[PDB]
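Text of the file my_file_0.txt, holding compact mmCIF, C-alpha atoms:
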```
# COMPACT_ATOMS: atom_id res chain seq x y z
CA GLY A 26 62.14 -56.77 -245.01
CA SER A 27 64.70 -57.31 -242.23
CA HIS A 28 65.51 -53.58 -242.35
CA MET A 29 61.93 -52.65 -241.45
CA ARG A 30 62.63 -54.20 -238.04
CA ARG A 31 65.58 -51.95 -237.32
CA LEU A 32 63.25 -48.97 -237.73
CA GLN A 33 60.68 -50.34 -235.28
CA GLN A 34 63.10 -50.87 -232.43
CA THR A 35 65.79 -48.30 -233.27
CA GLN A 36 63.02 -45.72 -232.88
CA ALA A 37 61.50 -46.78 -229.55
CA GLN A 38 65.09 -46.72 -228.28
CA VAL A 39 65.42 -43.01 -229.08
CA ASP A 40 61.93 -42.46 -227.66
CA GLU A 41 63.15 -44.02 -224.44
CA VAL A 42 66.27 -41.83 -224.47
CA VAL A 43 64.56 -38.48 -225.02
CA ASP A 44 61.74 -39.50 -222.66
CA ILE A 45 64.42 -40.00 -220.00
CA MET A 46 66.42 -36.89 -220.94
CA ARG A 47 63.12 -35.06 -220.43
CA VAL A 48 62.94 -35.91 -216.73
CA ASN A 49 66.70 -35.33 -216.52
CA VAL A 50 66.20 -31.70 -217.55
CA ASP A 51 63.58 -31.30 -214.81
CA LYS A 52 66.28 -32.40 -212.36
CA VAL A 53 68.95 -30.04 -213.70
CA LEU A 54 66.37 -27.34 -212.95
CA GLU A 55 65.91 -28.32 -209.32
CA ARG A 56 69.70 -28.19 -209.33
CA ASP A 57 69.48 -24.55 -210.41
CA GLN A 58 67.04 -23.54 -207.64
CA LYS A 59 68.83 -25.54 -204.95
CA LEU A 60 72.22 -24.18 -206.06
CA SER A 61 71.58 -20.52 -206.86
CA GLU A 62 69.91 -20.44 -203.43
CA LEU A 63 72.79 -22.12 -201.61
CA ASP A 64 75.00 -19.48 -203.27
CA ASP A 65 72.90 -16.82 -201.51
CA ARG A 66 74.03 -18.42 -198.26
CA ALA A 67 77.61 -18.87 -199.48
CA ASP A 68 77.80 -15.07 -199.34
CA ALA A 69 75.49 -14.62 -196.34
CA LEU A 70 77.87 -16.89 -194.44
CA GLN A 71 81.07 -15.39 -195.76
CA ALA A 72 79.61 -12.18 -194.33
CA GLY A 73 78.24 -13.66 -191.11
CA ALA A 74 81.71 -15.14 -190.68
CA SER A 75 83.85 -12.14 -191.64
CA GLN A 76 81.72 -9.96 -189.36
CA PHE A 77 82.28 -12.37 -186.50
CA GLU A 78 85.97 -12.38 -187.49
CA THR A 79 85.88 -8.65 -186.74
CA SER A 80 84.11 -9.08 -183.39
CA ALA A 81 86.64 -11.83 -182.64
CA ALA A 82 89.70 -9.94 -183.88
CA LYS A 83 88.81 -7.08 -181.52
CA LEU A 84 87.77 -9.39 -178.67
CA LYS A 85 91.45 -10.37 -178.73
CA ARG A 86 93.00 -6.89 -178.71
CA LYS A 87 90.75 -5.42 -175.99
CA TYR A 88 91.30 -8.55 -173.94
CA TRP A 89 95.08 -8.40 -174.59
CA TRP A 90 95.76 -4.92 -173.22
CA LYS A 91 94.12 -5.60 -169.86
CA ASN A 92 97.06 -7.98 -169.37
CA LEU A 93 99.55 -5.22 -170.14
CA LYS A 94 97.70 -2.82 -167.83
CA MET A 95 97.84 -5.33 -165.02
CA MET A 96 101.60 -5.68 -165.49
CA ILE A 97 102.08 -1.94 -165.61
CA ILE A 98 99.79 -1.46 -162.62
CA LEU A 99 101.69 -4.27 -160.93
CA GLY A 100 104.87 -2.45 -161.87
CA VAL A 101 103.95 0.87 -160.27
CA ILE A 102 102.48 -0.94 -157.29
CA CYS A 103 105.64 -3.05 -157.00
CA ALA A 104 107.59 0.21 -157.12
CA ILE A 105 105.39 2.30 -154.84
CA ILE A 106 105.76 -0.36 -152.13
CA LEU A 107 109.46 -0.16 -152.99
CA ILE A 108 109.68 3.59 -152.27
CA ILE A 109 107.14 3.48 -149.44
CA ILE A 110 109.88 1.16 -148.27
CA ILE A 111 112.95 3.30 -148.90
CA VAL A 112 111.14 5.74 -146.55
CA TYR A 113 110.72 3.39 -143.54
CA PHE A 114 114.18 1.95 -144.08
CA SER A 115 115.47 5.54 -143.96
CA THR A 116 113.43 7.64 -141.42
CA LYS B 189 55.65 -50.44 -258.47
CA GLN B 190 55.81 -52.48 -255.24
CA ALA B 191 59.49 -51.81 -254.53
CA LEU B 192 58.83 -48.08 -255.00
CA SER B 193 56.30 -48.02 -252.17
CA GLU B 194 58.87 -49.66 -249.86
CA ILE B 195 61.61 -47.10 -250.54
CA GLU B 196 58.90 -44.47 -250.00
CA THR B 197 58.09 -45.90 -246.56
CA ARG B 198 61.72 -46.61 -245.60
CA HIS B 199 62.84 -43.11 -246.57
CA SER B 200 59.59 -41.94 -244.97
CA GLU B 201 60.97 -43.02 -241.58
CA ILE B 202 64.71 -42.46 -242.01
CA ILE B 203 63.81 -38.76 -241.80
CA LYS B 204 61.36 -39.47 -238.97
CA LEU B 205 64.44 -40.84 -237.20
CA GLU B 206 66.87 -38.13 -238.34
CA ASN B 207 64.48 -35.39 -237.21
CA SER B 208 64.19 -37.24 -233.90
CA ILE B 209 67.98 -37.73 -233.48
CA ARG B 210 68.54 -33.98 -233.87
CA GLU B 211 66.12 -33.51 -230.98
CA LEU B 212 68.26 -35.82 -228.87
CA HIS B 213 71.41 -34.17 -230.19
CA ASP B 214 70.12 -30.88 -228.81
CA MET B 215 69.15 -32.58 -225.55
CA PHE B 216 72.84 -33.43 -225.03
CA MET B 217 74.15 -29.99 -226.06
CA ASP B 218 71.41 -28.43 -223.93
CA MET B 219 73.04 -30.48 -221.17
CA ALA B 220 76.76 -29.76 -221.65
CA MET B 221 75.56 -26.15 -221.52
CA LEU B 222 73.46 -25.96 -218.32
CA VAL B 223 75.91 -28.17 -216.44
CA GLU B 224 79.07 -26.38 -217.49
CA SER B 225 77.25 -23.07 -217.07
CA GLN B 226 76.44 -24.08 -213.49
CA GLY B 227 80.14 -25.03 -213.29
CA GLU B 228 80.97 -21.35 -212.86
CA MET B 229 78.24 -21.19 -210.21
CA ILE B 230 79.84 -23.95 -208.14
CA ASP B 231 83.41 -22.62 -208.02
CA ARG B 232 81.94 -19.52 -206.39
CA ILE B 233 80.23 -21.72 -203.82
CA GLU B 234 83.56 -23.46 -203.25
CA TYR B 235 85.64 -20.27 -203.21
CA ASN B 236 83.09 -18.70 -200.84
CA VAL B 237 83.14 -21.79 -198.61
CA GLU B 238 86.90 -22.39 -198.48
CA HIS B 239 87.17 -18.78 -197.35
CA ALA B 240 84.16 -19.03 -195.02
CA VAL B 241 85.71 -22.23 -193.67
CA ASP B 242 89.01 -20.44 -193.14
CA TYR B 243 87.40 -17.36 -191.55
CA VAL B 244 85.94 -19.67 -188.89
CA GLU B 245 89.28 -21.46 -188.59
CA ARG B 246 90.96 -18.24 -187.48
CA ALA B 247 87.86 -16.73 -185.83
CA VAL B 248 87.93 -19.56 -183.28
CA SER B 249 91.69 -19.64 -182.73
CA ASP B 250 91.41 -16.02 -181.61
CA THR B 251 88.63 -16.90 -179.14
CA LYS B 252 91.30 -19.09 -177.52
CA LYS B 253 94.11 -16.54 -177.24
CA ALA B 254 91.12 -14.51 -176.10
CA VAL B 255 90.65 -16.40 -172.83
CA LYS B 256 94.32 -16.90 -172.01
CA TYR B 257 95.19 -13.34 -171.01
CA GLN B 258 92.15 -13.19 -168.68
CA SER B 259 93.48 -15.56 -166.08
CA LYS B 260 96.80 -13.83 -166.83
CA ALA B 261 95.23 -10.41 -166.30
CA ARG B 262 93.04 -11.53 -163.42
CA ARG B 263 96.23 -12.79 -161.74
CA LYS B 264 98.24 -9.68 -162.54
CA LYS B 265 95.23 -7.64 -161.37
CA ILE B 266 94.62 -9.28 -158.00
CA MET B 267 98.40 -9.50 -157.44
CA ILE B 268 98.02 -5.75 -157.60
CA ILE B 269 94.92 -5.85 -155.37
CA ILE B 270 97.17 -7.84 -153.06
CA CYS B 271 99.86 -5.14 -153.05
CA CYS B 272 97.06 -2.58 -152.67
CA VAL B 273 95.59 -3.69 -149.39
CA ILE B 274 99.31 -4.11 -148.63
CA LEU B 275 99.91 -0.39 -149.20
CA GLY B 276 96.83 0.60 -147.20
CA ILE B 277 98.02 -1.17 -144.05
CA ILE B 278 101.58 0.07 -144.65
CA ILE B 279 100.16 3.61 -144.48
CA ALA B 280 97.55 2.86 -141.80
CA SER B 281 100.54 2.18 -139.53
CA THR B 282 101.94 5.69 -139.90
CA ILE B 283 98.56 6.74 -138.47
CA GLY B 284 98.48 4.05 -135.77
CA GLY B 285 101.96 5.10 -134.74
CA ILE B 286 101.66 8.87 -135.33
CA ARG C 8 60.44 -45.83 -272.20
CA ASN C 9 60.35 -42.26 -270.85
CA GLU C 10 57.85 -42.66 -268.00
CA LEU C 11 59.64 -45.81 -266.79
CA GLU C 12 62.93 -43.85 -266.70
CA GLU C 13 61.78 -40.89 -264.59
CA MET C 14 60.70 -43.37 -261.90
CA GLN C 15 64.09 -45.06 -261.33
CA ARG C 16 65.83 -41.68 -261.16
CA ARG C 17 63.69 -40.66 -258.19
CA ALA C 18 64.16 -44.18 -256.82
CA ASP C 19 67.93 -43.75 -256.95
CA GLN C 20 67.26 -40.16 -255.88
CA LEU C 21 65.87 -41.25 -252.51
CA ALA C 22 69.02 -43.38 -252.05
CA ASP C 23 71.13 -40.22 -252.23
CA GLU C 24 69.14 -38.50 -249.50
CA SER C 25 68.94 -41.72 -247.47
CA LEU C 26 72.69 -42.13 -247.92
CA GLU C 27 73.33 -38.46 -247.19
CA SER C 28 71.13 -38.55 -244.10
CA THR C 29 72.77 -41.78 -242.90
CA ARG C 30 75.91 -39.68 -242.64
CA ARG C 31 74.26 -36.59 -241.16
CA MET C 32 72.70 -38.85 -238.53
CA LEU C 33 75.93 -40.73 -237.87
CA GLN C 34 77.58 -37.43 -236.92
CA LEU C 35 74.65 -36.16 -234.83
CA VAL C 36 75.19 -39.20 -232.61
CA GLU C 37 78.94 -39.07 -232.06
CA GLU C 38 78.63 -35.41 -231.08
CA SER C 39 75.77 -36.37 -228.76
CA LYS C 40 78.09 -39.04 -227.37
CA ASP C 41 81.09 -36.71 -227.00
CA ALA C 42 78.97 -33.79 -225.79
CA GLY C 43 77.70 -36.41 -223.36
CA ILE C 44 81.03 -37.77 -222.14
CA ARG C 45 82.11 -34.23 -221.22
CA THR C 46 78.81 -33.72 -219.38
CA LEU C 47 79.81 -36.77 -217.35
CA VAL C 48 83.49 -36.00 -216.72
CA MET C 49 82.26 -32.66 -215.37
CA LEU C 50 79.65 -34.18 -213.05
CA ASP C 51 82.61 -36.01 -211.52
CA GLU C 52 84.84 -32.97 -211.00
CA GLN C 53 81.84 -31.01 -209.74
CA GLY C 54 81.02 -34.14 -207.75
CA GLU C 55 84.34 -33.88 -205.91
CA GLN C 56 84.10 -30.14 -205.25
CA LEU C 57 80.72 -30.72 -203.59
CA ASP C 58 82.40 -33.20 -201.27
CA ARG C 59 85.08 -30.87 -199.96
CA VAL C 60 82.19 -28.44 -199.59
CA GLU C 61 80.27 -30.85 -197.35
CA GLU C 62 83.34 -31.54 -195.22
CA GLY C 63 83.49 -27.79 -194.80
CA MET C 64 80.03 -27.56 -193.23
CA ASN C 65 80.83 -30.31 -190.74
CA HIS C 66 84.28 -28.92 -190.08
CA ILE C 67 82.54 -25.57 -189.49
CA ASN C 68 79.63 -26.87 -187.41
CA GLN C 69 82.25 -28.63 -185.29
CA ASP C 70 84.38 -25.52 -184.70
CA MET C 71 81.30 -23.43 -183.87
CA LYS C 72 80.53 -25.80 -181.01
CA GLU C 73 84.11 -25.26 -179.82
CA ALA C 74 83.59 -21.51 -179.53
CA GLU C 75 80.19 -22.01 -177.90
CA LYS C 76 82.20 -23.12 -174.86
CA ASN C 77 84.86 -20.39 -174.85
CA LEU C 78 82.02 -17.88 -174.98
CA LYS C 79 80.50 -19.63 -171.97
CA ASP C 80 83.57 -19.54 -169.67
CA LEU C 81 83.41 -15.78 -170.26
CA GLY C 82 80.03 -14.82 -168.81
CA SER D 138 76.97 -48.97 -257.34
CA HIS D 139 73.68 -49.39 -255.45
CA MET D 140 74.84 -52.70 -253.94
CA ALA D 141 77.77 -51.12 -252.07
CA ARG D 142 75.62 -48.06 -251.34
CA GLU D 143 72.84 -50.00 -249.63
CA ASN D 144 75.61 -52.13 -248.11
CA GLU D 145 77.30 -49.02 -246.70
CA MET D 146 74.31 -47.16 -245.25
CA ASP D 147 73.07 -50.41 -243.73
CA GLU D 148 76.57 -50.65 -242.30
CA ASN D 149 77.19 -47.16 -240.94
CA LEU D 150 73.63 -47.44 -239.62
CA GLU D 151 74.73 -50.45 -237.59
CA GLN D 152 76.76 -47.93 -235.61
CA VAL D 153 73.85 -45.52 -235.33
CA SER D 154 71.85 -48.22 -233.55
CA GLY D 155 74.93 -49.09 -231.49
CA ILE D 156 75.92 -45.72 -230.05
CA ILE D 157 72.31 -45.10 -229.04
CA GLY D 158 72.86 -48.17 -226.90
CA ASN D 159 75.60 -46.14 -225.26
CA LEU D 160 73.48 -42.99 -225.00
CA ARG D 161 70.78 -45.09 -223.34
CA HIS D 162 73.27 -46.19 -220.70
CA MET D 163 74.92 -42.80 -220.13
CA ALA D 164 71.37 -41.48 -219.82
CA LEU D 165 70.69 -43.46 -216.65
CA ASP D 166 74.11 -43.32 -214.93
CA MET D 167 73.96 -39.54 -215.37
CA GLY D 168 70.33 -39.48 -214.26
CA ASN D 169 70.97 -41.26 -210.95
CA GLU D 170 74.14 -39.39 -209.97
CA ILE D 171 72.17 -36.16 -210.23
CA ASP D 172 69.48 -37.41 -207.84
CA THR D 173 72.31 -38.29 -205.48
CA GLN D 174 73.76 -34.76 -205.71
CA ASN D 175 70.36 -33.08 -205.44
CA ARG D 176 69.66 -35.13 -202.32
CA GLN D 177 73.08 -34.01 -201.07
CA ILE D 178 72.55 -30.33 -201.82
CA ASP D 179 69.21 -30.60 -200.00
CA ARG D 180 71.22 -31.93 -197.07
CA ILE D 181 73.88 -29.17 -197.15
CA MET D 182 71.24 -26.44 -196.91
CA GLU D 183 69.63 -27.87 -193.77
CA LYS D 184 73.10 -27.88 -192.20
CA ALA D 185 73.79 -24.37 -193.50
CA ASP D 186 70.66 -22.92 -191.89
CA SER D 187 71.73 -24.37 -188.54
CA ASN D 188 75.06 -22.60 -189.09
CA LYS D 189 73.71 -19.16 -190.03
CA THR D 190 71.54 -19.26 -186.90
CA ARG D 191 74.46 -20.25 -184.66
CA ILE D 192 76.59 -17.46 -186.13
CA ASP D 193 73.82 -14.86 -185.82
CA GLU D 194 73.05 -16.15 -182.33
CA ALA D 195 76.69 -15.71 -181.32
CA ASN D 196 77.25 -12.50 -183.34
CA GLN D 197 74.52 -10.80 -181.30
CA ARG D 198 76.34 -12.08 -178.23
CA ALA D 199 79.22 -9.70 -179.00
CA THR D 200 77.34 -6.49 -178.14
```
The structure in this file should be written as structure tokens.
Amino acid sequence: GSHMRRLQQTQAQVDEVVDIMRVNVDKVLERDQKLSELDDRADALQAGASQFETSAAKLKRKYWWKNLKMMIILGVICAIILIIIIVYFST
Amino acid sequence: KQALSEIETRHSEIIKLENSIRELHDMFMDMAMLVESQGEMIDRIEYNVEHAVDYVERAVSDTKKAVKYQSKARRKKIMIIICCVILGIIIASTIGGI
Amino acid sequence: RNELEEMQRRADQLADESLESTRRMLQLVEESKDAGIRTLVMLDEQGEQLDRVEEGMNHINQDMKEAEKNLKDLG
Amino acid sequence: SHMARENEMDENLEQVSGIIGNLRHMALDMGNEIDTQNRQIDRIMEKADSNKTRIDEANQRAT
């Protein structure tokens, strides 16, 4: 009687659920392909970055020394003019 | 006889519902699986990014220190080139005065 | 009555499998509920991690533009 | 008793029908969030490809 109604509707409900969970699975699969692929760039950008961190790390050193040079070569030149001076102050 | 064909049709569907609920049970365990399984696949995309974010964070700060010493070298280099031409006319006067 | 007795035993026999399955179903649901709640609580935590991750790409794409100038001032 | 048996299974079956009212809900909320994240992931990749081309562009500007 009134329990043969529960069956009618309590079923279509589940139908609805699984029908939905069907399309949900097809989304969790696009998630796979979109993710596993992004992960291929997570590496390929931790490597594009850590290889530019090398180029950059060095671009600092090499740069740096040319400032030391030009304060050593301003030291000898500030000393050569100093001695080229002790020689026209003397005779 | 008539109430034995109604328990036969009610039971007949209580299993048609139980066999259908198991299918939905699996749909939810087949979900806590693929999601949580991809949960290991995300932490690696976070780990890789938080490092790749940090690599760029330093990699740019160095490009800055790496333009400072240029004007500082350039100065210290032409300050030399100043005291160079200076030395050439300080020695071109011991040739213009024997 | 021997034929009218082996017909109410199967009648009360289908009420043991309908009562046993009403329990086996009841549990298949709660575990689908619980195994569902966790699926959700995770989509949230994951959901947050993906947000830091997006900030990262804008934070990055912003700092790359910064270096694209300090590479310019240098030939 | 078959009067407290049919009164029990038609009682713990009340819940069965109930929780599947929950499952129905969870189903959607979960379903939509995903399509939000998928849309997002799609976004992040387009911004990633503009970043691996600006790194490779600038990393061949080191030589």
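From atom CA of residue C:46 back to atom CA of residue A:60, the distance works out to 17.7 Å.
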What's around residue C:67 at 8 Å? Count all atoms listed in the file, leave out sequence neighbours fewer than 6 positions away in its own chain, and write the answer as number ranges by chain. B: 241, 244-245
Please tabulate, as CSV, the residues of chain D that come within 10 Å of chain C, each with its closest pair of atoms and the distance in Å to one decimal, counting all atoms listed in the file and ordering rows by chain, then residue number upward.
```
residue,atom,partner,partner_atom,distance
D:139,CA,C:19,CA,8.2
D:142,CA,C:26,CA,7.4
D:143,CA,C:22,CA,8.0
D:145,CA,C:26,CA,8.4
D:146,CA,C:26,CA,5.9
D:147,CA,C:29,CA,8.7
D:148,CA,C:29,CA,9.7
D:149,CA,C:29,CA,7.2
D:150,CA,C:29,CA,6.6
D:151,CA,C:33,CA,9.8
D:152,CA,C:33,CA,7.6
D:153,CA,C:33,CA,5.8
D:154,CA,C:33,CA,9.6
D:155,CA,C:36,CA,10.0
D:156,CA,C:36,CA,7.0
D:157,CA,C:36,CA,7.5
D:159,CA,C:40,CA,7.8
D:160,CA,C:40,CA,6.5
D:163,CA,C:43,CA,7.7
D:164,CA,C:43,CA,8.8
D:166,CA,C:47,CA,9.0
D:167,CA,C:47,CA,6.8
D:170,CA,C:50,CA,8.2
D:171,CA,C:50,CA,8.2
D:173,CA,C:54,CA,9.9
D:174,CA,C:54,CA,7.6
D:177,CA,C:61,CA,8.7
D:178,CA,C:57,CA,8.4
D:180,CA,C:61,CA,9.1
D:181,CA,C:61,CA,6.6
D:182,CA,C:64,CA,9.6
D:184,CA,C:64,CA,7.0
D:185,CA,C:64,CA,7.0
D:187,CA,C:68,CA,8.4
D:188,CA,C:68,CA,6.5
D:191,CA,C:71,CA,7.6
D:192,CA,C:71,CA,7.9
D:195,CA,C:75,CA,8.0
D:198,CA,C:78,CA,8.7
D:199,CA,C:78,CA,9.5
```
For the residues selected in the previous step, produce a file with C-alpha atoms as a short mmCIF file (atom, residue, chain, number, x, y, z; two decimals), in the coordinates of the input.
```
data_model
loop_
_atom_site.label_atom_id
_atom_site.label_comp_id
_atom_site.auth_asym_id
_atom_site.auth_seq_id
_atom_site.Cartn_x
_atom_site.Cartn_y
_atom_site.Cartn_z
CA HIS D 139 73.68 -49.39 -255.45
CA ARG D 142 75.62 -48.06 -251.34
CA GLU D 143 72.84 -50.00 -249.63
CA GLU D 145 77.30 -49.02 -246.70
CA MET D 146 74.31 -47.16 -245.25
CA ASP D 147 73.07 -50.41 -243.73
CA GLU D 148 76.57 -50.65 -242.30
CA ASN D 149 77.19 -47.16 -240.94
CA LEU D 150 73.63 -47.44 -239.62
CA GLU D 151 74.73 -50.45 -237.59
CA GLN D 152 76.76 -47.93 -235.61
CA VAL D 153 73.85 -45.52 -235.33
CA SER D 154 71.85 -48.22 -233.55
CA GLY D 155 74.93 -49.09 -231.49
CA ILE D 156 75.92 -45.72 -230.05
CA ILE D 157 72.31 -45.10 -229.04
CA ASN D 159 75.60 -46.14 -225.26
CA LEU D 160 73.48 -42.99 -225.00
CA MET D 163 74.92 -42.80 -220.13
CA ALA D 164 71.37 -41.48 -219.82
CA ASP D 166 74.11 -43.32 -214.93
CA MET D 167 73.96 -39.54 -215.37
CA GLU D 170 74.14 -39.39 -209.97
CA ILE D 171 72.17 -36.16 -210.23
CA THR D 173 72.31 -38.29 -205.48
CA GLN D 174 73.76 -34.76 -205.71
CA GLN D 177 73.08 -34.01 -201.07
CA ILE D 178 72.55 -30.33 -201.82
CA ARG D 180 71.22 -31.93 -197.07
CA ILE D 181 73.88 -29.17 -197.15
CA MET D 182 71.24 -26.44 -196.91
CA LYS D 184 73.10 -27.88 -192.20
CA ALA D 185 73.79 -24.37 -193.50
CA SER D 187 71.73 -24.37 -188.54
CA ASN D 188 75.06 -22.60 -189.09
CA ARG D 191 74.46 -20.25 -184.66
CA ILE D 192 76.59 -17.46 -186.13
CA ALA D 195 76.69 -15.71 -181.32
CA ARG D 198 76.34 -12.08 -178.23
CA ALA D 199 79.22 -9.70 -179.00
#
```
Mind listing whatever residues come within 12 Å of the point (76.7, -23.1, -214.4)? Use only C-alpha atoms, file coordinates, and give them as a JSON list (two decimals) with C-alpha atoms, keeping the file's coordinate frame.
```json
[["chain", "number", "residue", "atom", "x", "y", "z"],
["A", 53, "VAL", "CA", 68.95, -30.04, -213.70],
["A", 54, "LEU", "CA", 66.37, -27.34, -212.95],
["A", 56, "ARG", "CA", 69.70, -28.19, -209.33],
["A", 57, "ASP", "CA", 69.48, -24.55, -210.41],
["A", 58, "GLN", "CA", 67.04, -23.54, -207.64],
["A", 60, "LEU", "CA", 72.22, -24.18, -206.06],
["A", 61, "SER", "CA", 71.58, -20.52, -206.86],
["A", 64, "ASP", "CA", 75.00, -19.48, -203.27],
["B", 219, "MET", "CA", 73.04, -30.48, -221.17],
["B", 220, "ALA", "CA", 76.76, -29.76, -221.65],
["B", 221, "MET", "CA", 75.56, -26.15, -221.52],
["B", 222, "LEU", "CA", 73.46, -25.96, -218.32],
["B", 223, "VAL", "CA", 75.91, -28.17, -216.44],
["B", 224, "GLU", "CA", 79.07, -26.38, -217.49],
["B", 225, "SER", "CA", 77.25, -23.07, -217.07],
["B", 226, "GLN", "CA", 76.44, -24.08, -213.49],
["B", 227, "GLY", "CA", 80.14, -25.03, -213.29],
["B", 228, "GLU", "CA", 80.97, -21.35, -212.86],
["B", 229, "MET", "CA", 78.24, -21.19, -210.21],
["B", 230, "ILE", "CA", 79.84, -23.95, -208.14],
["B", 231, "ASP", "CA", 83.41, -22.62, -208.02],
["B", 232, "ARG", "CA", 81.94, -19.52, -206.39],
["B", 233, "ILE", "CA", 80.23, -21.72, -203.82],
["C", 46, "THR", "CA", 78.81, -33.72, -219.38],
["C", 49, "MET", "CA", 82.26, -32.66, -215.37],
["C", 50, "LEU", "CA", 79.65, -34.18, -213.05],
["C", 53, "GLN", "CA", 81.84, -31.01, -209.74]]
```
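In plain terms, chain D touches chain A through residues 161, 168 and 196 of chain D, where touching means an atom at most 6 Å away, counting all atoms listed in the file.
Using only C-alpha atoms for every distance, the candidate list B:197, B:258, B:190, B:251 yields B:251 as the residue closest to chain D.
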Surrounding residues of stretch 12-16 of chain C excluding itself and chain neighbours under 6 positions, 12 Å, all atoms listed in the file, as a PyMOL selection string: (chain B and resi 189+191-193+195) or (chain C and resi 22-23)
What are the closest atom pairs, with distances in Å to one decimal, for each residue of stretch 204-271 of chain B lying within 7 Å of stretch 92-95 of chain A, using all atoms listed in the file, rows by chain and rising residue number, as CSV?
```
residue,atom,partner,partner_atom,distance
B:257,CA,A:92,CA,5.9
B:260,CA,A:92,CA,6.4
B:261,CA,A:92,CA,4.3
B:264,CA,A:95,CA,5.0
B:265,CA,A:95,CA,5.0
```
Determine, for each residue of chain B having at least one atom at most 6 Å from an atom of chain C, the closest pair of atoms and their separation in Å to one decimal, counting all atoms listed in the file; order by chain and ascending number, as a tab-separated table.
```
residue	atom	partner	partner_atom	distance
B:206	CA	C:32	CA	5.9
B:213	CA	C:39	CA	5.1
B:216	CA	C:39	CA	5.6
B:220	CA	C:46	CA	5.0
```
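One distance worth recording is that between atom CA of residue A:104 and atom CA of residue B:270, which is 13.8 Å.
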Give the centre and edge lengths of an axis-aligned box, in Å to one decimal, that holds all listed atoms of stretch 17-28 of chain C with 8 Å on each side, as lines of an AutoDock Vina configuration file.
```
center_x = 68.5
center_y = -41.3
center_z = -251.1
size_x = 25.6
size_y = 21.7
size_z = 30.1
```
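Interatomic distance, atom CA of residue C:9 against atom CA of residue B:200: 25.9 Å.
Among B:255, B:204, B:209, B:263, the residue with the shortest atom-to-atom distance to chain D, counting only C-alpha atoms, is B:209.
Between chain B and the candidates A:111, A:99, A:105, A:37, the tightest atom-to-atom separation, counting only C-alpha atoms, involves A:99.
Distance check against chain D using only C-alpha atoms: of B:274, B:249, B:202, B:196, the minimum falls on B:202.
You can rank A:97, A:88, A:112, A:103 by their closest distance to chain C using all atoms listed in the file, and at the top of that list sits A:88.
Using all atoms listed in the file, the smallest distance between any of B:203, B:212, B:286, B:278 and chain D comes from B:212.
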